[PDB]
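Chains as they are written, first to last, in the authors' numbering: chain A, -4 to 231; chain A', -4 to 231; chain P, 255 to 260; chain P', 255 to 260. A prime marks a further copy of an entry chain.
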Amino acid sequence: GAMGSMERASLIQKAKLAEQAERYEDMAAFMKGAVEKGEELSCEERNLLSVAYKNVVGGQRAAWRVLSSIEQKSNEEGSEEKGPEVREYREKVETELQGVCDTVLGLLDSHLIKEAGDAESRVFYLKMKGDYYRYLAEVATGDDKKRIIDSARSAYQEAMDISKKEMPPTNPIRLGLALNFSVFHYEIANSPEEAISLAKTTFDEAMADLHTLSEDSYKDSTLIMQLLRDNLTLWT
Amino acid sequence: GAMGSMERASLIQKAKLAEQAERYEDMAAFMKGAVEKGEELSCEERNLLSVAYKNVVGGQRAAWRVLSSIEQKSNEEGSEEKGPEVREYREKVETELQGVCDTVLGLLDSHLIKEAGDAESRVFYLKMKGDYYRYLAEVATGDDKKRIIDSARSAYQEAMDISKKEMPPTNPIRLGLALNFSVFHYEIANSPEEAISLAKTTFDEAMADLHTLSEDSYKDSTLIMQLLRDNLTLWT
Amino acid sequence: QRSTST
Amino acid sequence: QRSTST
Ligand SMILES: [Cl-]
Ligand SMILES: [Cl-]
Ligand SMILES: [Mg+2]
Ligand SMILES: [Mg+2]
Ligand SMILES: [Mg+2]
Ligand SMILES: [Mg+2]
Ligand SMILES: [Mg+2]
Ligand SMILES: [Mg+2]
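Put into structure tokens, the structure is as follows:
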């Protein structure tokens, strides 16, 4: 693509500069270029990829939610007709958001997931796949909504199965996967009991394994455990 | 442009939605489209234009400063050679920033300023012209730097001359112009004494005119007066 | 407060 | 602290 003439190492260096500059669309474009070199990604590089796109899509999701809220209010009894503009602009943001999700899913399918054999990489990419289908599901309203939801579920479930076999209960990737799959259950799948049960079980199994950890791993794990607790407190 | 087929009123409505969504590049693009309809802008519309581009360029300036700082550090004794990437990426951000400034300056020249006859509009646009030349001057290092600096000075000075004749000392546009011209003196023109004198005089003349104002105008004016005070405290 | 993800 | 503009 536009990044085809740039060295892999240079793309990764520039992604790191972009992150420092809070230039996340640039960071995402550099990391896309790095993925498209065809080599597998290191742990650090996977995390750059994730951070870049999470920031890009997160801003799009937040904008979408503002615009959706205005649109919903426009459709209430006694609201003055204002024309097509709110819908059109929400649609514009939505289409851009869908395009970013499709980009990420495309990188995962061509060819990050098929090349990922270690649990660290495979679980990470399948979690990503679940997350970006989840973002698609947040804005879906048509005939494919159930299939989009099922695609997120399937990716998360594959990731969960691997992580339970291959990772300790404190592993931060495992914990973050469980966190996000619980959010899927609560926010997308209309399954708050499943969400609560997964978060509880995850938290408790992690707690029981903290004794095995170094101080620095303890910190890493407990930070994500607190996010599980935050959701449990919100949900109960 | 891409906005040519959209109604003026729709562009302005969408600019307001974009602002609510914190989608400032979209806001800027909608307002550019609105300007290119060829009609003069109302007070509210001028302010939408300003807010949009200020936010866009402000983020670019902040990124540029991060990257410039890293580049300067790379050029210190005992710093390891890391290749061309820092310079290249700083250059990329710089070129984008220059392009936004050139866009704004182009709208002012074609044809906002020549059509602006009321002091409110004319001063506002000339202040904008000074500001965007000032942003160009922040990144200038070549043979044209002195001409860029002089272009900012000239625009600000024209704006000051009009505002002193045609506006009360408390007018918020007049005050913001003086604030920014003082920043120009301090940060760009190597004239800290001029900066301090302008901010002092501006503040004091505004203070003496507050008695003429309604409560709401008082609020408006005093908010900008406090910014003058903030700079004076920083600079002295 | 929204649900927290990571 | 940077200089403040508006
Ligand atoms: Cl639109
Ligand atoms: Cl670059
Ligand atoms: Mg190579
Ligand atoms: Mg009515
Ligand atoms: Mg749609
Ligand atoms: Mg028309
Ligand atoms: Mg050395
Ligand atoms: Mg340059």
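All C-beta atoms in this analysis are idealised placements derived from N, C-alpha and C, irrespective of residue type, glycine included.
Taken from the Cβ of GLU89/A, at least one heavy atom of ligand 5 lies inside 7 angstroms. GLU83/A has its Cβ nearer than 7 angstroms to a heavy atom of ligand 1.
When distances are taken from the beta-carbon of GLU72/A to the heavy atoms of ligand 4, even the shortest one reaches 7 angstroms or more.
Residues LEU174, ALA194, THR197, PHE198 of the same chain have their beta carbon placed closer than 7 angstroms to that of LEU223/A, with the five preceding and five following residues left out of the count. Shown in chain order are the residues whose CB sits closer than 7 angstroms to a heavy atom of ligand 3: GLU2/A, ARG3/A. Collapsing the DSSP output to three states places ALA57/A' in a helix. Taking C-beta separations shorter than 6 angstroms and ignoring five residues to either side along the sequence, the partners of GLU161/A' in its chain run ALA114, following chain order. Look at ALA29/A here: in three-state DSSP terms it is helix. Interface residue (Cβ-Cβ distance to chain A' less than 8 angstroms): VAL81/A is classified as such. The C-beta of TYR84/A' comes closer than 8 angstroms to at least one C-beta of chain A. Distance from the CA of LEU227/A' to the CA of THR98/A, rounded to the nearest whole angstrom, comes to 50 angstroms. If the five residues before and after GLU40/A' are omitted, its C-beta is found closer than 7 angstroms to the C-beta atoms of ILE7, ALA29, all from its own chain and listed in chain order. Taking a cut-off of 8 angstroms on C-beta distances, the region 115 to 124 of chain A' touches the region 100 to 107 of chain A', as three or more cross pairs fall below it. Pairing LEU92/A' with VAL61/A' gives a Cβ-Cβ distance that is not under 8 angstroms. Annotation note: the region 135 to 184 of chain A contains the following uninterrupted alpha helix (DSSP H) runs of length 4 or greater, listed N- to C-terminal: 140 to 161, 167 to 178. For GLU182/A, the chain P residues whose Cβ falls inside 7 angstroms of its Cβ are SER257, in order along the chain.
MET(-2)/A' places its beta carbon less than 8 angstroms from that of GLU31/A'.
The C-alpha of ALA135/A' is placed about 15 angstroms away from the C-alpha of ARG82/A'.
In this structure, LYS9/A' has its beta carbon less than 7 angstroms from a heavy atom of ligand 1. Here the region 161 to 171 of chain A lies against the region 208 to 221 of chain A, with 3 or more beta-carbon pairs under 8 angstroms apart. For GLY125/A', the closest of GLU20/A', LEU131/A', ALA150/A' by C-alpha to C-alpha distance is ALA150/A'.
For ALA23/A, there are no neighbours in chain A' by C-beta distance under 7 angstroms, as the nearest C-beta there is about 14 angstroms away. Interface annotation, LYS49/A: not in contact with chain A', CB-CB separation never under 8 angstroms.
The beta carbon of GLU35/A sits no closer than 7 angstroms to any heavy atom of ligand 7. C-alpha of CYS96/A to C-alpha of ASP138/A': approximately 45 angstroms in a straight line. The straight-line gap separating the alpha-carbon atoms of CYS38/A' and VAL88/A' is approximately 31 angstroms.
Contact annotation, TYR128/A' with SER257/P': C-beta distance approximately 16 angstroms; criterion of less than 8 angstroms not satisfied. DSSP places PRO187/A' in the uninterrupted alpha helix (DSSP H) bounded by 187 to 202. In this structure, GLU76/A' has its beta carbon at no less than 7 angstroms from each heavy atom of ligand 7. At the C-beta level, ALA184/A and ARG148/A come within 8 angstroms of one another. When the beta-carbon positions are compared, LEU12/A and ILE65/A' come within less than 8 angstroms of each other. Take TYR130/A', set aside five residues on each side of it, and the residues of its chain with a beta-carbon closer than 8 angstroms to its own are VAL52, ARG56, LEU92, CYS96, in chain order. Note on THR260/P: 16 or more other CB atoms within 10 angstroms of its CB, so buried under the neighbour-count rule. In the DSSP assignment, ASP215/A falls within the unbroken alpha helix (DSSP H) covering 210 to 230. With contacts defined by Cβ atoms closer than 8 angstroms, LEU172/A and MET220/A do not form a contacting pair. Taking CB atoms only, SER5/A has a neighbour in chain A' less than 8 angstroms away.
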